[PDB]
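Consider the single chain below, provided in structure tokens and representing the form deposited in one PDB entry.
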């Protein structure tokens, strides 16, 4: 197989470009951005993902600037970036070299669902906790991901490490500067966005995360809307109709859907009989109409649903130890530093 050699720039640290060689390139996704590849690095043998995107030569890439400032165990690492030219004049591609992770939450959840099985609650705890950690970290910079869904939750089945990926929709949210409302993948889209809100906060990711939790407990998407508007109908069938106060808290640009009143479906009746109460409780505090009433990612990590993960005798079902769940930096605690007593249990303290 033919080797490609590029002069690529490290994602972290100062601009010191290095020769990087790779081989065994194969197409593994596409989208409006362009195309994504798998590849193997010649020197180490380690697998990588390569996001190739058509980038204008004048303007700076938003996703690149976000990826260069992030360093976290639950976020896919930008190893390198490089530029490659096109056939046409002034046609430049940005290439982001990211670490390869062999599975996703989507694929794993679908394995259980096709076999008529529930994902064990230990994995639900592990995967959701690490998601809320990834969100606590990005939100502390004012970065909102805006595309939290199972396909963007990468995982290693042997270690149970979860890595958040695809920062193509992500943005530094600035109070008083508008943002687009038609954002996020439909099933995971917060209700304020469906009402056309352009002044929204990082709590949209917490809604999205709540939808992921519910999906893993149910074995299927909780709000499977067949269009942008029917998405609200599906939410209403569980949560009930939002009150005018709740509609006002969502900061809408239009409220002329003309929906009939529907009563809330009790949270216990949504899920299976044997669903743990703490899972239901956590889900009730994530899937809230009022965006400010939702738990922060750090408060979510501290919920009683994740207590099993803080128990010193916890192991994975394959025999191995759990990943590093407690090495919290000051940056990731900055929203609420008194939560460290709950988040870092006695045996994990330093």
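Numbering follows the first chain given and starts at 1. Residues that one form lacks are left out of the comparison. We call the rigid core whatever largest set of C-alpha positions still superposes within 1.5 Å between the two forms.
Modelled in this chain, residue 226 is likewise built in all the other compared entries whose models extend past it on both sides, so a third of them omitting it does not occur. For residue 103, the record comparison shows coordinates present in all the other entries of this protein that model its neighbours, with no third of them leaving it out. Set 288 to 296 against 49 to 57 and average the Cα temperature factors; 49 to 57 ends up higher.
Between 243 to 251 and 138 to 146, it is 243 to 251 that carries the larger average Cα temperature factor according to the deposited entry. Listed residues 324, 70, 64, 301 were ranked by CA B-factor as deposited; 324 comes out on top. Ranked by C-alpha B-factor against the other modelled residues of its chain, residue 219 falls in the lowest third. Among all modelled residues in this chain, the alpha-carbon of residue 260 has a temperature factor (C-alpha) in the highest third.
The entry lists a Cα temperature factor for residue 212 that places it in the lowest third of the chain's modelled residues. In the PDB entry, residue 168 places in the lowest third of its chain by CA B-factor. Sort the modelled residues of the chain by CA B factor and residue 95 lands in the lowest third.
Heads up, the form solved in complex with a partner chain isn't pictured, but that's what we're talking about next.
The closest non-hydrogen atom of residue 241 lies within 4.5 Å of its partner chain in the entry with it bound. Contact between residue 195 and its partner chain in the entry with it bound is found at the 4.5 Å heavy atom cutoff.
When contacts are judged by a 4.5 Å heavy atom cut-off, residue 258 counts as touching its partner chain in the entry with it bound.
Among heavy atoms of residue 122, none comes within 4.5 Å of its partner chain in the entry with it bound. Exactly one of the stretches 77 to 85, 242 to 250, 203 to 211, 134 to 142 approaches its partner chain in the entry with it bound with heavy atoms within 4.5 Å, and it is 242 to 250.
The single contact residue among 94, 160, 173, 236, judged by any heavy atom lying within 4.5 Å of its partner chain in the entry with it bound, is 236.
Just one residue from the list 151, 185, 159, 253 crosses the 2 Å line for C-alpha shift between this form and the one not shown on a rigid core fit, and it is 253. Shown here is a form in which the CA atoms of residue 254 and residue 248 lie at least 3 Å farther apart than they do in the entry with it bound. Here is what shifts between this form and the one not shown when you lay the two on the core: runs of at least 3 residues, every Cα off by 2 Å or more, at 88 to 90, 252 to 263.
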